[PDB]
Amino acid sequence: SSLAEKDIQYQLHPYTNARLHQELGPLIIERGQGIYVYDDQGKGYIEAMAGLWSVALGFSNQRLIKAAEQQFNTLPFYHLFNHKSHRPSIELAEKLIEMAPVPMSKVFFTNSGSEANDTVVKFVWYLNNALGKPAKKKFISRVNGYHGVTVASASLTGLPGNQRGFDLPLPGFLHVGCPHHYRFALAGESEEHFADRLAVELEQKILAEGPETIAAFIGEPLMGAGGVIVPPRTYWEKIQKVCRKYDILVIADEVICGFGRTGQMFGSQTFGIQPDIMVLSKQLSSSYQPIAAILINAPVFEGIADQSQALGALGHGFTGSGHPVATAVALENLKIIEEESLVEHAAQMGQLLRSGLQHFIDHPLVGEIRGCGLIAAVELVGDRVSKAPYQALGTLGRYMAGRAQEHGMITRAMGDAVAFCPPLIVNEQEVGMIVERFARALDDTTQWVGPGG
Amino acid sequence: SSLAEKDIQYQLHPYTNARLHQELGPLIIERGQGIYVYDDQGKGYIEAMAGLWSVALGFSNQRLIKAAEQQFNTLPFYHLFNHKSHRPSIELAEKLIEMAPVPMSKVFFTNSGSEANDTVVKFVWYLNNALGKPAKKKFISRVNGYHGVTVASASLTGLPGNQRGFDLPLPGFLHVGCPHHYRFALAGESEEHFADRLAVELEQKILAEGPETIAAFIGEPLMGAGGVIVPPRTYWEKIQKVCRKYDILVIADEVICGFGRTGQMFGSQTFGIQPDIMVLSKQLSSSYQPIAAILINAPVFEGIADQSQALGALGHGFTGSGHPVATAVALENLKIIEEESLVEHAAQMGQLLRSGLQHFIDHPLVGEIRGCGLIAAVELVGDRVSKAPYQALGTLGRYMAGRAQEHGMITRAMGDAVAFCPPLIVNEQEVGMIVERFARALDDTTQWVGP
Ligand SMILES: *Cc1c(COP(=O)(O)O)cnc(C)c1O
Ligand SMILES: *Cc1c(COP(=O)(O)O)cnc(C)c1O
Ligand code: NA
Ligand code: NA
């Protein structure tokens, strides 16, 4: 049996058509270095997605690899249960609290972003029980938001592909509108008037459900997996006013935006969010180890702490919570981002990426070019006036991502939008090569469609 | 400014009283080797729990550490989404399918046991929707079962500490009896008659709820975190007959029993279980990396595969699913357990542990000694005739576990029981030292409770 035949025989793949997988088999990735990965045929690709929006320092950072070795040879596993602790969890918790964009009290560690958001749901229910508000339990999130895949975190998620066939969302998980002006604003509506209408939708949902029943609002500052959706001017200001009016917690899901993706250290800084709770993962460790972190402010911590005393202990934790190798690698990762000024470098490389894509702004298949910092998308359309797709919605995105792969670049299609999220270490020539491979894929796609006009 | 002060300032601890933590601070563990860990004052402890029921090869296995280094220097991260793959995920999936105790079709990888059980809930809902049985969605688990801490997996869990204050369980997550003869059998009742009554309870729950509404039954072959509870003779045979009668999936939660804990490779082998689905973690990697695995049989795969075609793709996955460093370490871990014959070594060390503890069967505070393979527990009581606690349930267990720590041994209290789950590499004199530190803690506890 070949390695490809064994893959087909033995693995159920995430985010894959299992029947199509039995016919086509895998694309096997063998090795990586810098911004590049190589398949088992020796073909090289720029990883323009940094894997899954995550590999901040690229695929061969020797400082992360040596940090792992040193921790393995000291203490390769221990836990944080029943007052037990270890140095790497303590030093990473200190660094995260001291770099937070608003005053924060404590860190709780998990393996995944999905586990982290699931834990935030439990901690908010625990808190409101502790404060004697047993009705204050409902969550509000947005259409096309992504918050993970557990029964609870996939209920917060607003992408139908995460819910159809899974009996989700659960009761008490509500959704308001996707803040994408290009797709959901009225003809001739300003960004500010769109933001007004979204803030009115939220207030009317709160009043309809009963304000006393609404615990929390969760959002990505900029929505990643749902299409690199930049919210309209004044959205976060007006949404937070409505939340503060009804005593609703604001949760910033920073799993993609965290650690320099949007032009500042946090999406909360870029978009003027003052959250009660932050969720972090992905670039936290450059995905070299599975780890996520929850930051909670003083009021959230004090209520949980009171209830943990009354009930004997906090009845929650994962075996891997604060894993000493994962925390050691994340701590070294954050030191490198600070020491090499990668937040400022990423902001400069992002201006070059956006300028390169903007040469195609009057192309007949280019509907919108969006992003900020070092995250971007180009949304393709069959018709710029109607914004209608070529053939079925998703046809241009799938064709573009296939052509990009042929031209030695891995990008991700989100319907008809193709994404860019390269490693923070990308250099000026490499940004040039990313835009060149985009341009070759667009030329291929244009010849296939034949726009005329 | 001290490391302990920083811990108090910045960390919320799992399974901890946060206010008591602000007063006492942490016990900081600095380093480990073999079966030992050491605190920041240089004091050494036997890790009689193998960390969290998990560190099978001990705290200094150089083969696992080199396997990690080699994978880091090749490909330190990639994913399995959208047909992408990599060698360590493929070779581990092959090894897990070929070593399975019943015929299995496919592996799906997660980071944690909690994520794995949560994923099994979603996959069973997805399957029954695919088969046109939209009502067949309810799960049955047991009192004192432990299946993890997500909103869904803590609903499967049967321990009140995991549910009180969290508004759990969710609707459609049902619980039948804990199969613990010492606590729940009627006066006189044999193990076989206890098993009969538990099988009748399950059948009556299924009929009361509507058989067409019941998707799955989940159980640990023996219950770990809920008290090291060995089920009575004939339990698993009779429960499986009832499940097969109403077309109910049997899920074996092997997160603790997996890879030689119970005297055979799997708890399913020890207890004669033929599951449709298995869940694995912990000893899978000796916890050197966060990883868990779901094994599904042919019928479960064929239904999920058809639905993934109809809906365009399987709308489920974790960033870390099949992480190449975690899969590389787990693959090397399973090779070592096989090459060093640690299933048979663990079985021999387990007989020594259980025979050593049995010397204390007639101690006035010992209610029950239980175990199988290299997992055991001693339950203390304030009165052997009534089986009543001293003061309140948990008072003896808290004091016992604290005295064991003073005597250089880390054990875990489960109410008034203390647990034993040492690394599989434990040697004969090390088992002797574990029993001796238990004995010193028991002497201390006896003098404390006093006349
Ligand atoms: C990727 C992601 C998650 C989920 O993280 P996993 O580690 O894959 O469970 C949650 N929120 C956002 C915004 C994400 O991008
Ligand atoms: C520990 C455990 C789990 C949960 O594993 P985590 O990795 O801590 O989420 C599930 N089932 C059983 C039987 C366990 O012992
Ligand atoms: Na470079
Ligand atoms: Na050491």
Side-chain angles (χ1 to χ4, degrees), chain A residues 14-15 33-36 46 49 51-54 57-61 70-76 78 110-120 141-142 144-150 153-154 156-159 162 218-226 228-229 251-258 261 267 278-285 287 289-293 324 340 345 349 375 412 414 419 421-431, chain B residues 29-34 36-38 44 58-60 62 65 79-81 110-112 114-115 118-119 150 290 316-321 323:
Chain A
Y15 285 119
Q33 59 80 23
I35 69 171
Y36 300 87
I46 295 172
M49 292 308 299
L52 291 179
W53 318 82
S54 62
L57 298 188
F59 293 92
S60 59
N61 187 279
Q70 182 157 114
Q71 188 56 46
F72 273 127
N73 280 316
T74 307
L75 180 66
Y78 214 68
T110 68
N111 309 290
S112 71
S114 297
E115 282 168 343
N117 284 325
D118 195 291
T119 299
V120 166
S141 53
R142 304 149 326 152
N144 291 347
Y146 186 70
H147 301 291
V149 302
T150 68
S153 56
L156 295 170
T157 291
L159 294 160
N162 284 286
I218 186 169
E220 305 158 85
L222 180 159
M223 292 155 68
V228 186
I229 311 298
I251 306 160
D253 186 341
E254 294 256 11
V255 162
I256 285 172
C257 291
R261 182 53 61 180
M278 293 168 70
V279 185
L280 298 162
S281 195
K282 282 185 173 108
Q283 296 204 124
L284 176 58
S285 68
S287 286
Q289 291 285 278
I291 176 171
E340 303 290 346
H345 178 73
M349 298 302 95
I375 201 167
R412 193 149 198 95
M414 309 154 297
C421 193
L424 304 181
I425 60 151
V426 71
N427 69 37
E428 172 162 11
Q429 184 161 60
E430 285 169 340
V431 170
Chain B
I29 305 301
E30 179 178 301
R31 62 197 167 84
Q33 56 75 31
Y36 299 88
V37 300
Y38 303 82
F59 292 92
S60 57
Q62 191 57 211
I65 297 171
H79 64 85
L80 300 184
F81 292 16
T110 70
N111 309 291
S112 72
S114 301
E115 283 168 345
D118 193 292
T119 297
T150 67
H316 189 76
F318 305 96
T319 296
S321 280
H323 190 289

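What's counted below: heavy atoms across the whole structure, side chains too, no hydrogens, waters or symmetry copies. Ligands are counted one by one from 1 in listed order, and the atoms in each one are counted from 1 as well. Lettering follows sequence order; numbering is per chain, from 1.
Looking at A:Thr110, A:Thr150, A:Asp253, A:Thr157 one by one, the single match for side-chain hydrogen bond (donor to acceptor under 3.5 Å, both in side chains) with A:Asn117 turns out to be A:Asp253.
Within the listing of ligand 1, atoms 4 (C), 5 (O), 6 (P), 9 (O) sit less than 4.0 angstrom from a heavy atom of A:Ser114. The A:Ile256 neighbourhood of ligand 1 comprises atoms 15 (O), with distances under 4.0 Å to a heavy atom of that residue. Using a 4.0 Å cut-off to heavy atoms of B:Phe318, the atoms of ligand 1 that qualify are 8 (O), 9 (O).
Comparing A:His147, B:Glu115, B:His79, A:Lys282 against atom 14 (C) of ligand 1, the shortest heavy-atom distance belongs to A:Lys282.
Going from atom CG of A:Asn144 over to atom CD of A:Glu220 covers 10.0 Å, rounded to the nearest 0.5 Å. Taking CZ of B:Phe318 as the reference point, atom OH of A:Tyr15 lies at 9.0 Å (rounded to 0.5 Å).
Looking only at atom types and distance, the side chain of B:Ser112 has a donor-acceptor partner in the side chain of A:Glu115 under 3.5 Å away.
In terms of protein heavy atoms, atom 6 (P) of ligand 1 is closest to A:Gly113 N, 3.6 Å. Ranking protein heavy atoms by distance to atom 13 (C) of ligand 1, first place goes to A:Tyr146 O, 3.2 Å.
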Subject >> A:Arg412 and B:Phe81: CA distance, side-chain angles, deciding distance, side-chain contact (heavy atoms from CB on, under 4.5 Å) verdict >> reply: CA-CA 11 Å; A:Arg412 193 149 198 95; B:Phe81 292 16; 3.7 Å; yes

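Remark: ligand 1 and A:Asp253 share an N or O pair separated by less than 3.5 Å (distance only, no angle test). Between A:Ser281 and ligand 1, a contact under 3.5 Å exists for no N or O pair. Between A:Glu220 and ligand 1, no pair of N/O atoms sits closer than 3.5 Å. The shortest N or O to N or O distance between A:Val255 and ligand 1 is not under 3.5 Å.
Proximity of B:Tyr38 to B:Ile29: side-chain heavy atoms (C-beta onward) are nowhere separated by under 4.5 Å.
Taking both residues in full, the closest heavy atoms of A:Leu57 and A:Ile425 are given as O-CD1, 3.6 Å, listed atom of the first, atom of the second, then distance.
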